[PDB]
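One structure below.
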Amino acid sequence: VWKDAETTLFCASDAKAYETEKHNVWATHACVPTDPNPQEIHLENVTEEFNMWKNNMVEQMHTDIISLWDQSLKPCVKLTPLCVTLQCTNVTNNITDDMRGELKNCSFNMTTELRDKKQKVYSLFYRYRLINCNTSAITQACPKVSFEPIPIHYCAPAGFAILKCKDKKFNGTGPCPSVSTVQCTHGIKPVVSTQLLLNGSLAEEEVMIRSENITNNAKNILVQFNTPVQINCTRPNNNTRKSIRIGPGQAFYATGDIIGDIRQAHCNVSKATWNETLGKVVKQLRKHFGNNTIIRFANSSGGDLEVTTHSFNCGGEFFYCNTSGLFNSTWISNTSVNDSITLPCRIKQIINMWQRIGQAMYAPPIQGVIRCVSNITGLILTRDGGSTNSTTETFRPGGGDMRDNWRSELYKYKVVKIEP
Amino acid sequence: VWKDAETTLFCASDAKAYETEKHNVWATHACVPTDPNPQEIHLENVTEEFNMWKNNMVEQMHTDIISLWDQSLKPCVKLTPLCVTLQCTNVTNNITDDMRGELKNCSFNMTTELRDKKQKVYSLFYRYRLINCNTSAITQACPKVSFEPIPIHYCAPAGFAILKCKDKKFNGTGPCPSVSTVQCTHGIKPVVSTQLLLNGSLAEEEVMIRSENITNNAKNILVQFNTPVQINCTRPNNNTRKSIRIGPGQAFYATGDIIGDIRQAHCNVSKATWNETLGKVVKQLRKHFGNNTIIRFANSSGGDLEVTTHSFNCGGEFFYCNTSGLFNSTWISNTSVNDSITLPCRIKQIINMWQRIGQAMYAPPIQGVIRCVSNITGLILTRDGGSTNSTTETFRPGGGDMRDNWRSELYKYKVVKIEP
Amino acid sequence: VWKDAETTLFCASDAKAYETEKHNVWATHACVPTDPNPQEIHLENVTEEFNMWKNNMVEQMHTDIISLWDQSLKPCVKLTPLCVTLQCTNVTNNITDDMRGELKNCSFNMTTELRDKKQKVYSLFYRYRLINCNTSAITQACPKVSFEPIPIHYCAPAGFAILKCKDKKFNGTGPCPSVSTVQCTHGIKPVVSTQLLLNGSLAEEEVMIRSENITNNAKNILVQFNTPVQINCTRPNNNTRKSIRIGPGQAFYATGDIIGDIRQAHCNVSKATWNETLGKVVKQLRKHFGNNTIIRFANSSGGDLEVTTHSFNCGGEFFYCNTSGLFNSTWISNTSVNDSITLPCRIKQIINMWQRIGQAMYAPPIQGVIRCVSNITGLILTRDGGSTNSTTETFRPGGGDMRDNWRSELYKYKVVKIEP
Ligand SMILES: *[C@@H]1O[C@H](CO)[C@@H](O[C@@H]2O[C@H](CO)[C@@H](O[C@@H]3O[C@H](CO[C@H]4O[C@H](CO)[C@@H](O)[C@H](O[C@H]5O[C@H](CO)[C@@H](O)[C@H](O)[C@@H]5O[C@H]5O[C@H](CO)[C@@H](O)[C@H](O)[C@@H]5O)[C@@H]4O)[C@@H](O)[C@H](O[C@H]4O[C@H](CO)[C@@H](O)[C@H](O)[C@@H]4O[C@H]4O[C@H](CO)[C@@H](O)[C@H](O)[C@@H]4O[C@H]4O[C@H](CO)[C@@H](O)[C@H](O)[C@@H]4O)[C@@H]3O)[C@H](O)[C@H]2NC(C)=O)[C@H](O)[C@H]1NC(C)=O
Ligand SMILES: *[C@@H]1O[C@H](CO)[C@@H](O[C@@H]2O[C@H](CO)[C@@H](O[C@@H]3O[C@H](CO[C@H]4O[C@H](CO[C@H]5O[C@H](CO)[C@@H](O)[C@H](O)[C@@H]5O)[C@@H](O)[C@H](O[C@H]5O[C@H](CO)[C@@H](O)[C@H](O)[C@@H]5O)[C@@H]4O)[C@@H](O)[C@H](O[C@H]4O[C@H](CO)[C@@H](O)[C@H](O)[C@@H]4O)[C@@H]3O)[C@H](O)[C@H]2NC(C)=O)[C@H](O)[C@H]1NC(C)=O
Ligand SMILES: *[C@@H]1O[C@H](CO)[C@@H](O[C@@H]2O[C@H](CO)[C@@H](O[C@@H]3O[C@H](CO[C@H]4O[C@H](CO[C@H]5O[C@H](CO)[C@@H](O)[C@H](O)[C@@H]5O)[C@@H](O)[C@H](O[C@H]5O[C@H](CO)[C@@H](O)[C@H](O)[C@@H]5O)[C@@H]4O)[C@@H](O)[C@H](O[C@H]4O[C@H](CO)[C@@H](O)[C@H](O)[C@@H]4O)[C@@H]3O)[C@H](O)[C@H]2NC(C)=O)[C@H](O)[C@H]1NC(C)=O
Ligand SMILES: *[C@@H]1O[C@H](CO)[C@@H](O[C@@H]2O[C@H](CO)[C@@H](O[C@@H]3O[C@H](CO[C@H]4O[C@H](CO[C@H]5O[C@H](CO)[C@@H](O)[C@H](O)[C@@H]5O)[C@@H](O)[C@H](O[C@H]5O[C@H](CO)[C@@H](O)[C@H](O)[C@@H]5O)[C@@H]4O)[C@@H](O)[C@H](O[C@H]4O[C@H](CO)[C@@H](O)[C@H](O)[C@@H]4O)[C@@H]3O)[C@H](O)[C@H]2NC(C)=O)[C@H](O)[C@H]1NC(C)=O
Ligand SMILES: *[C@@H]1O[C@H](CO)[C@@H](O[C@@H]2O[C@H](CO)[C@@H](O[C@@H]3O[C@H](CO[C@H]4O[C@H](CO[C@H]5O[C@H](CO)[C@@H](O)[C@H](O)[C@@H]5O)[C@@H](O)[C@H](O[C@H]5O[C@H](CO)[C@@H](O)[C@H](O)[C@@H]5O)[C@@H]4O)[C@@H](O)[C@H](O[C@H]4O[C@H](CO)[C@@H](O)[C@H](O)[C@@H]4O)[C@@H]3O)[C@H](O)[C@H]2NC(C)=O)[C@H](O)[C@H]1NC(C)=O
Ligand SMILES: *[C@@H]1O[C@H](CO)[C@@H](O[C@@H]2O[C@H](CO)[C@@H](O[C@@H]3O[C@H](CO[C@H]4O[C@H](CO[C@H]5O[C@H](CO)[C@@H](O)[C@H](O)[C@@H]5O)[C@@H](O)[C@H](O[C@H]5O[C@H](CO)[C@@H](O)[C@H](O)[C@@H]5O)[C@@H]4O)[C@@H](O)[C@H](O[C@H]4O[C@H](CO)[C@@H](O)[C@H](O)[C@@H]4O)[C@@H]3O)[C@H](O)[C@H]2NC(C)=O)[C@H](O)[C@H]1NC(C)=O
Ligand SMILES: *[C@@H]1O[C@H](CO)[C@@H](O)[C@H](O)[C@H]1NC(C)=O
Ligand SMILES: *[C@@H]1O[C@H](CO)[C@@H](O)[C@H](O)[C@H]1NC(C)=O
Ligand SMILES: *[C@@H]1O[C@H](CO)[C@@H](O)[C@H](O)[C@H]1NC(C)=O
Ligand SMILES: *[C@@H]1O[C@H](CO)[C@@H](O)[C@H](O)[C@H]1NC(C)=O
Ligand SMILES: *[C@@H]1O[C@H](CO)[C@@H](O)[C@H](O)[C@H]1NC(C)=O
Ligand SMILES: *[C@@H]1O[C@H](CO)[C@@H](O)[C@H](O)[C@H]1NC(C)=O
Ligand SMILES: *[C@@H]1O[C@H](CO)[C@@H](O)[C@H](O)[C@H]1NC(C)=O
Ligand SMILES: *[C@@H]1O[C@H](CO)[C@@H](O)[C@H](O)[C@H]1NC(C)=O
């Protein structure tokens with residue numbers, strides 16, 4: 001007897017990591033070390049039926065990680081008071097292109113100690129007077145933290161197992177020949193991004209495309225790669241940490257010292273991989289739903305900054321990248337058709353977590369010149385509903401609900417229970 | 001073996017209701033649906049001894065509901081800051097009877113956004129300058145809530161039962177012939193009122209009077225009816241909801257728009273029922289402790305507004321009703337002796353829950369013209385200690401501890417445990 | 001089978017005490033009464049091996065009591081706002097010795113009710129204008145509390161026991177002949193002090209010296225006495241309680257009324273006991289590690305006020321005592337060698353609990369003339385690393401981590417588990 005769908009997930013993690021960093025603090029507090037036994041061991045026959053996209057385990061891991069995020073919001077992060085009005089100026093003494101600025105170094109009036117005293121203080125805002133924040137601001141900061149995803153294992157309890165499709169070619173709703181039962185997963189990393197999977201897991205054989213409804217264009221298409229497309233992101237913006245402890249309740253930072261004239265925040269994607277991978281993707285597409293069609297990739301359709309750009313994190317700052325460089329190639333149905341692609345990005349401090357309960361700020365980006373090298377492990381796509389007179393199919397970057405990213409990770413795990 | 005008194009109560013509730021309304025939110029969070037099995041099934045003989053007024057289950061349900069009320073106090077309700085001074089005026093441009101006003105439309109100075117800015121704002125106070133609140137003010141309000149009692153079932157756990165006296169005529173301390181054992185109650189509604197039971201449960205046969213000590217006038221007398229006396233309460237006061245979200249931490253309302261000039265807030269009790277019921281009550285009284293006596297009913301003896309009036313709620317506002325109309329009849333011992341009784345009521349926003357930890361405000365009464373039809377299911381009485389030379393007995397409305405209302409509801413449930 | 005080290009401790013306590021006092025509130029909330037059975041009963045043979053200083057039970061009781069202290073910090077204690085600047089003066093109108101003052105009666109400006117009104121208010125500071133507090137101030141106060149250690153028993157759960165060395169002469173790392181197993185301890189009192197144990201437990205036979213590493217001078221030496229050295233502490237400082245409730249959120253006190261000109265805060269230690277005890281201690285020392293050496297006792301080496309003085313409490317105020325009177329005797333190796341010792345002490349309101357999360361204030365010391373008689377049950381020592389050419393050994397008062405005080409109390413308890 002195998003019964004499914006039980007919100008019960010054990011956890012596993014730890015080696016050299018402890019506290020400080022918020023991910024490390026979280027894994028430390030919610031996980032125990034693992035054991036290198038796990039045998040799974042598939043048993044002969046025992047079914048061919050499965051459906052990864054109707055897994056409530058995903059929704060569990062999701063709501064869990066979010067609630068944990070609030071549990072991190074509790075102690076140090078400051079929901080108040082200082083955001084009122086900002087006396088900002090610009091570093092531009094001559095100008096072209098009407099740049100203005102995303103980053104501004106500003107002056108302020110700040111409650112320090114005692115009653116109603118102020119001192120002149122530096123403040124930076126990522127996006128002149130006023131302007132403030134809109135109706136909420138939690139400021140994370142904190143003395144000892146950081147933000148790098150840490151491997152988290154999901155295990156089944158006592159009297160429970162987890163079946164796992166080891167079939168390389170799964171239709172997602174469908175015929176699976178090899179079912180095994182593991183007690184605990186290998187350890188999943190919590191990478192929060194859109195459009196591409198960064199870090200994550202690779203396909204064992206060939207590139208695999210997966211959709212909950214290949215006809216319904218509103219449903220996402222998790223495209224998993226057998227190979228990584230490079231992406232090196234260097235944001236050489238510089239900020240010097242100054243945490244002025246002037247008052248008991250108050251804990252204020254001061255960023256925006258020094259110089260260096262860094263261009264925005266910068267990134268690259270490395271293309272050879274992107275050439276073969278995109279060609280092979282249009283190959284898979286044309287060997288699935290797309291039989292004879294020229295495939296075109298336009299950029300994001302529009303929306304919130306988290307939706308229009310590849311919004312991901314390089315350690316707690318929220319990067320937004322113009323994504324035209326990833327999606328600007330028309331793939332000819334007839335046949336297939338040192339330089340690297342350089343993508344324009346921006347660092348944000350003010351992000352909107354949760355629902356609107358509050359905004360989250362990583363206030364003192366420490367040091368400067370911080371490059372994050374990543375492996376493009378993925379694509380999340382939504383199809384642009386087209387016609388058949390166009391003799392072409394258009395595909396756009398979609399996403400937003402990270403639960404889709406977990407289905408893209410939790411695709412081979414379904415918690416099940418055993419009965420005599 | 002049957003051992004009693006265990007603070008362990010399972011709960012049951014839900015059908016179409018979900019969240020929003022605070023009662024709905026509570027039942028949703030503290031209850032699971034029920035099953036329409038329950039068989040009770042009385043067993044032949046098995047005792048005649050019981051005592052409803054020494055039940056700690058009542059004290060449990062009570063403390064539970066109150067703690068739950070604080071659990072509702074947590075998220076949205078605002079204990080601070082704005083109550084300081086009020087710049088109020090009156091709508092009276094000509095006058096008789098020196099009415100002044102219970103309700104006032106007032107002007108204020110309000111922290112909106114940023115640092116130390118204000119804007120002119122409407123404010124209403126239910127009860128000229130100043131005056132404020134006394135040393136505490138929690139303001140409930142909230143975007144999605146309401147307040148209507150929701151059926152809550154109390155069940156016994158595993159290895160436990162609940163004996164239930166199905167005897168129609170119980171002396172309260174005494175001889176009960178039919179004991180049954182149910183797993184879960186039919187579902188009790190949390191009606192917070194004094195003097196009368198509103199909604200609640202009716203007596204199966206005749207009117208039943210119940211007292212913990214019929215000699216001790218300090219002990220309450222729960223008079224349960226076999227029939228409901230009508231009470232229709234129309235408060236046609238009008239208030240238009242304006243919730244100005246000016247600042248992140250601040251959430252302010254604005255009531256007191258429009259007009260219609262409604263007299264106070266109004267109510268009615270329907271009398272024919274009240275005639276027969278009161279006659280029958282003096283009948284029961286004269287067939288119990290009152291053998292040969294003329295029975296008179298004077299109004300409340302005095303005290304806090306919650307004690308002098310029939311303080312009940314029509315959806316979160318606290319109504320206070322002049323109760324002379326209910327208790328103004330002298331019942332002659334000799335024999336017995338379309339018009340409806342109309343009662344004067346007032347709506348309050350500022351109530352005192354708990355102990356003095358804080359006052360509770362339902363700040364934006366939404367809409368206007370809100371009529372609540374109710375069934376008078378009850379009387380809670382205290383006797384006026386009289387003499388025997390008066391050749392009369394006087395009875396006054398008492399109450400205050402809602403636990404008495406639960407004994408008036410939890411009268412047929414006593415949690416018990418089973419042993420071999 | 002006996003396996004050790006399980007963070008599981010049952011608790012026991014209560015007789016006549018209830019709430020109010022914080023210790024009473026704590027024992028009331030975290031303990032159930034006990035039973036006067038406990039039989040322990042040693043069993044013949046069954047080992048000689050033990051090690052009291054590697055007990056994680058101590059660390060458990062410690063972290064528990066501290067977390068409980070924060071749980072007391074929650075409701076009434078005020079982390080804010082009023083500490084800004086103080087307008088203080090002195091009662092000295094003529095002077096010798098440049099005394100200044102530890103205690104000052106001061107004037108202030110205080111938010112009372114409404115918006116931005118103040119009234120002239122008395123304030124006392126234990127340690128002229130300004131000065132305030134440094135970067136945190138929690139103010140305890142509260143309407144109904146106090147602070148006197150209450151006996152707390154530690155018990156082993158189900159399937160667990162606690163072995164107990166009843167050997168009078170234990171080397172601490174070593175050979176123990178009599179092991180017994182109790183379910184619950186006799187009840188340990190939470191005395192927070194340094195250098196001396198006050199209240200606490202006495203040795204059954206002779207004076208016993210105990211060290212984790214008798215060679216390592218950095219390790220503490222818990223010297224347990226078979227007899228108490230007296231210590232009577234009379235602080236006849238007077239303060240009159242005035243709690244002005246001016247505003248809803250605000251709860252302010254007012255101390256520093258009346259007079260009496262009490263000298264600081266005063267104390268005594270009674271010496272005859274101290275004579276024999278110190279002689280016997282140098283006896284034990286010379287019969288252990290000190291074979292032929294003149295033993296000298298200098299005062300505290302320096303540090304925070306909690307480290308330099310015998311920092312203990314007389315009911316919630318933190319006393320600091322000049323400790324030269326305890327350690328000023330050179331003990332001749334050759335042979336041994338009504339007046340009472342009077343020690344100078346100071347009462348503090350501002351103490352630093354925890355880590356630096358915040359300072360704790362007992363704000364209104366109520367009444368005046370409060371004498372606490374105590375039994376000196378102890379010594380915590382650290383050795384001054386000397387030479388062998390000096391032909392003398394010097395010993396200094398050390399301490400600070402109260403866990404050492406619990407090892408000094410939890411010395412005969414090690415929670416263990418049983419297996420077939
Ligand atoms: C608590 O207990 C107390 C008693 O202890 C109860 O107190 C009652 O409170 C209610 C609420 O206010 C009172 O109701 C109002 O009564 C007003 C006076 O009514 C008397 O006089 C009228 C003549 O105007 C008379 O018709 C009434 O008797 C009628 O009803 C009885 C049965 O009850 C019946 O036996 C009679 O035959 C009468 O029925 C005739 O008239 C009816 C209309 O009134 C017709 O429907 C029927 O077919 C027949 O022709 C009674 O003697 C009365 O004026 C008020 O009516 C107003 O306002 C109502 C809203 O509150 C609204 O619904 C009505 O339509 C009406 O509005 C119209 O008229 C007014 C002015 O009359 C205009 O301002 C409006 O603009 C509107 O105009 C329209 O109609 C005009 C005339 O036709 C026309 O010109 C115009 O063009 C428009 O078309 C209220 O009904 C009640 O009086 C109180 N009772 C007592 C004993 O004092 C209370 O019930 C109880 N509470 C509860 C919860 O139970
Ligand atoms: C801070 O202040 C500084 C000054 O202190 C200021 O400096 C400017 O910097 C910018 C960027 O380098 C310069 O912009 C470029 O100007 C080029 C030259 O334009 C002049 O000549 C044009 C014709 O030249 C063509 O043909 C001639 C043969 O005659 C040939 O030799 C040339 O090489 C070239 O082929 C002429 O059209 C132009 O005048 C136009 O505009 C003015 C108004 O500004 C108008 O009045 C005229 O009627 C006419 O429309 C001018 O005289 C220019 O070629 C170049 O344009 C190309 O590149 C841009 C992208 O960069 C394309 O958008 C465009 O389509 C062309 O492909 C570009 O515009 C500018 O010249 C400097 N200003 C001066 C005075 O030197 C900065 O703006 C300030 N900011 C900063 C941070 O530096
Ligand atoms: C953005 O802002 C960030 C800050 O938020 C800023 O960070 C800088 O990062 C760079 C690169 O890592 C640092 O540069 C290095 O600085 C080293 C330390 O220099 C300090 O101390 C010097 C002496 O130190 C010796 O002795 C001290 C004890 O006294 C001991 O602690 C040290 O370990 C060491 O033994 C001192 O001379 C120096 O001050 C010099 O310069 C200042 C002006 O800047 C001048 O006022 C002084 O008079 C003096 O000349 C400073 O106080 C330094 O050792 C090191 O130098 C070696 O390496 C470089 C190559 O990297 C060689 O060129 C050089 O010959 C040496 O071998 C190097 O210079 C810098 O310290 C950080 N700044 C801060 C504030 O921490 C980034 O620069 C900014 N980034 C951008 C993009 O703008
Ligand atoms: C806003 O301002 C307006 C004015 O702009 C003002 O209007 C008043 O409205 C009220 C309520 O309707 C009126 O009060 C009533 O007055 C009745 C008439 O009183 C006059 O006459 C009295 C004797 O009349 C009797 O006999 C005569 C024949 O002589 C006969 O026609 C009558 O029908 C009646 O039978 C007389 O006593 C009285 O004068 C008394 O008071 C004045 C001081 O005010 C004093 O100086 C006199 O010496 C004497 O004591 C007056 O001249 C009156 O009958 C009626 O009283 C009965 O009812 C009330 C309950 O309503 C009972 O309490 C009382 O016991 C009686 O049973 C009542 O008092 C008043 O007349 C209006 N004023 C004017 C100027 O017209 C309002 O006050 C303001 N407020 C609002 C919102 O409207
Ligand atoms: C408030 O104001 C009042 C005034 O209104 C003021 O009162 C002072 O109170 C203090 C404490 O009681 C007094 O201090 C003592 O003074 C003693 C006397 O000193 C005088 O005489 C000294 C010599 O006397 C010796 O020899 C004579 C014979 O000649 C013999 O009879 C005496 O008994 C004694 O043996 C003399 O040296 C001294 O003058 C010295 O100092 C002044 C400066 O002040 C300097 O100019 C001189 O050159 C010289 O150095 C003075 O004339 C004194 O004996 C005593 O000292 C002993 O005790 C202290 C400890 O208390 C030791 O530290 C010291 O080593 C000695 O053992 C002590 O100093 C003082 O006299 C009062 N002042 C007056 C004017 O009467 C307070 O200060 C104010 N405060 C309060 C709260 O009261
Ligand atoms: C430090 O400050 C604290 C305050 O925080 C202060 O505390 C005082 O503690 C002392 C000692 O315990 C108290 O002294 C006692 O006060 C008793 C009460 O006196 C009050 O009431 C008197 C009458 O009371 C009778 O009737 C009332 C009802 O009316 C009833 O409640 C009582 O129980 C009792 O039956 C009243 O006369 C008295 O006022 C007198 O004095 C004031 C000036 O102080 C004057 O203005 C009045 O006109 C009047 O003369 C006061 O209001 C009192 O009964 C008691 O007296 C008996 O015992 C003493 C010996 O102890 C005998 O000498 C005396 O003859 C009586 O037998 C005693 O005096 C005092 O009340 C506390 N103060 C406060 C504010 O509570 C300390 O003094 C300060 N300590 C230091 C070191 O400075
Ligand atoms: C998928 O979507 C299409 C419409 O886009 C619909 O026709 C089809 O029935 C859907 N499949 C499922 C399983 O709902
Ligand atoms: C970034 O570095 C990796 C190797 O670490 C390389 O494969 C990749 O091509 C680089 N990215 C670009 C755009 O050059
Ligand atoms: C990047 O994308 C935006 C829309 O998201 C588009 O308008 C813009 O032209 C693109 N930028 C580049 C460099 O192509
Ligand atoms: C607001 O304005 C009123 C006068 O309209 C004044 O009495 C009051 O002091 C003002 N309050 C503030 C916040 O200054
Ligand atoms: C009931 O109250 C009366 C006094 O009012 C008293 O005489 C009687 O003993 C009481 N009964 C009980 C059970 O206490
Ligand atoms: C209503 O009751 C109050 C006392 O609570 C009494 O003073 C008043 O006279 C009564 N009012 C009416 C309308 O009878
Ligand atoms: C309170 O008054 C003092 C002078 O008595 C002054 O120095 C101080 O600034 C005042 N504080 C406030 C709140 O203005
Ligand atoms: C005790 O400390 C001394 C150094 O002071 C060292 O020589 C000895 O090895 C230590 N013993 C243990 C058990 O570490």
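Residue numbers start at 1 in each chain; chains themselves are named A, B, ... in the order of the structure tokens; ligands are numbered from 1 in the order shown.
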Long-range neighbours of region 405-415 of chain B as number ranges by chain, 8 Å cut-off, only C-alpha atoms, 4 positions minimum in chain: B: 4-6, 52-53, 55, 57-58, 61-62, 156, 160-166, 188, 197, 200-201, 222, 224, 401
Output as JSON, numbers by chain the set of chain B residues within 12 Å of chain C, with distances taken over only C-alpha atoms. {"B": [78, 79, 80, 81, 82, 83, 84, 85, 86, 109, 110, 111, 116, 130, 131, 132, 133, 134, 135, 136, 137, 138, 356, 357, 358, 359]}
At most 12 Å is the cut-off: for each residue in chain B with any atom that close to an atom of ligand 1, write down the nearest atom pair and the distance in Å rounded to one decimal, counting only C-alpha atoms and all ligand atoms, chain first then increasing number, as a Markdown table.
```
| residue | atom | partner | partner_atom_place_in_ligand_line | distance |
| --- | --- | --- | --- | --- |
| B:230 | CA | ligand 1 | 105 (O) | 9.4 |
| B:231 | CA | ligand 1 | 104 (C) | 7.9 |
| B:232 | CA | ligand 1 | 104 (C) | 4.9 |
| B:233 | CA | ligand 1 | 104 (C) | 6.3 |
| B:234 | CA | ligand 1 | 104 (C) | 6.3 |
| B:235 | CA | ligand 1 | 104 (C) | 10.0 |
| B:236 | CA | ligand 1 | 61 (O) | 10.5 |
| B:262 | CA | ligand 1 | 12 (O) | 11.0 |
| B:263 | CA | ligand 1 | 12 (O) | 11.0 |
| B:266 | CA | ligand 1 | 1 (C) | 8.6 |
| B:267 | CA | ligand 1 | 1 (C) | 6.9 |
| B:268 | CA | ligand 1 | 1 (C) | 4.7 |
| B:269 | CA | ligand 1 | 1 (C) | 7.3 |
| B:270 | CA | ligand 1 | 105 (O) | 7.7 |
| B:271 | CA | ligand 1 | 5 (O) | 9.7 |
| B:325 | CA | ligand 1 | 5 (O) | 11.0 |
| B:338 | CA | ligand 1 | 97 (C) | 7.9 |
| B:339 | CA | ligand 1 | 5 (O) | 5.6 |
| B:340 | CA | ligand 1 | 5 (O) | 4.0 |
| B:341 | CA | ligand 1 | 5 (O) | 4.9 |
| B:342 | CA | ligand 1 | 2 (O) | 4.7 |
| B:343 | CA | ligand 1 | 1 (C) | 7.9 |
| B:344 | CA | ligand 1 | 1 (C) | 10.3 |
| B:369 | CA | ligand 1 | 61 (O) | 10.9 |
| B:370 | CA | ligand 1 | 104 (C) | 11.1 |
| B:371 | CA | ligand 1 | 104 (C) | 7.9 |
| B:372 | CA | ligand 1 | 104 (C) | 9.0 |
| B:373 | CA | ligand 1 | 104 (C) | 8.0 |
| B:374 | CA | ligand 1 | 104 (C) | 10.6 |
```
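Nearest residue to residue 336 (chain C), choosing from C:44, C:276, C:35, C:21 and counting only C-alpha atoms: C:276.
Of the residues under consideration (A:399, A:174, A:290, A:190), A:399 shows the shortest atom-to-atom contact distance to residue 219 (chain A) when counting only C-alpha atoms.
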Using DSSP secondary structure from the backbone, list all alpha helix (DSSP H) positions within region 267-339 of chain B, as a compact mmCIF listing (two decimals) with N, CA and C atoms, in the first residue's frame.
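The result, stored in states04.txt:
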```
# COMPACT_ATOMS: atom_id res chain seq x y z
N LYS B 271 -43.33 41.90 23.42
CA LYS B 271 -44.17 41.67 24.62
C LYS B 271 -45.17 40.53 24.87
N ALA B 272 -45.88 40.04 23.85
CA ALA B 272 -46.88 39.00 24.10
C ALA B 272 -46.18 37.79 24.71
N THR B 273 -45.07 37.46 24.08
CA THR B 273 -44.21 36.40 24.56
C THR B 273 -43.81 36.85 25.96
N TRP B 274 -43.38 38.10 26.10
CA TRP B 274 -42.93 38.60 27.40
C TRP B 274 -44.03 38.54 28.47
N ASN B 275 -45.29 38.71 28.06
CA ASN B 275 -46.40 38.58 29.00
C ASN B 275 -46.55 37.18 29.54
N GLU B 276 -46.73 36.23 28.62
CA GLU B 276 -46.88 34.84 29.05
C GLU B 276 -45.64 34.31 29.77
N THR B 277 -44.47 34.64 29.24
CA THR B 277 -43.22 34.18 29.83
C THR B 277 -43.03 34.72 31.24
N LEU B 278 -43.24 36.02 31.44
CA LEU B 278 -43.09 36.57 32.79
C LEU B 278 -44.13 36.02 33.76
N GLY B 279 -45.34 35.77 33.25
CA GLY B 279 -46.39 35.24 34.10
C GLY B 279 -46.01 33.85 34.55
N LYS B 280 -45.56 33.06 33.58
CA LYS B 280 -45.13 31.69 33.82
C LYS B 280 -43.88 31.65 34.69
N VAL B 281 -43.06 32.69 34.61
CA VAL B 281 -41.86 32.73 35.43
C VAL B 281 -42.28 32.96 36.87
N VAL B 282 -43.20 33.88 37.10
CA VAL B 282 -43.65 34.12 38.47
C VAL B 282 -44.43 32.90 38.95
N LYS B 283 -44.88 32.10 37.99
CA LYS B 283 -45.60 30.87 38.26
C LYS B 283 -44.60 29.85 38.81
N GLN B 284 -43.49 29.69 38.10
CA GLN B 284 -42.45 28.76 38.49
C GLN B 284 -41.86 29.16 39.84
N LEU B 285 -41.65 30.47 39.99
CA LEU B 285 -41.12 31.04 41.21
C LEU B 285 -42.07 30.75 42.37
N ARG B 286 -43.36 30.90 42.12
CA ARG B 286 -44.35 30.63 43.15
C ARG B 286 -44.62 29.14 43.32
N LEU B 305 -21.54 50.77 33.05
CA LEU B 305 -22.49 50.75 31.94
C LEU B 305 -22.78 49.32 31.47
N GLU B 306 -21.81 48.42 31.65
CA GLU B 306 -22.00 47.03 31.27
C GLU B 306 -22.92 46.31 32.25
N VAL B 307 -23.04 46.87 33.45
CA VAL B 307 -23.84 46.26 34.51
C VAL B 307 -25.24 46.86 34.60
N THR B 308 -25.38 48.14 34.29
CA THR B 308 -26.67 48.81 34.42
C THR B 308 -27.58 48.56 33.23
```
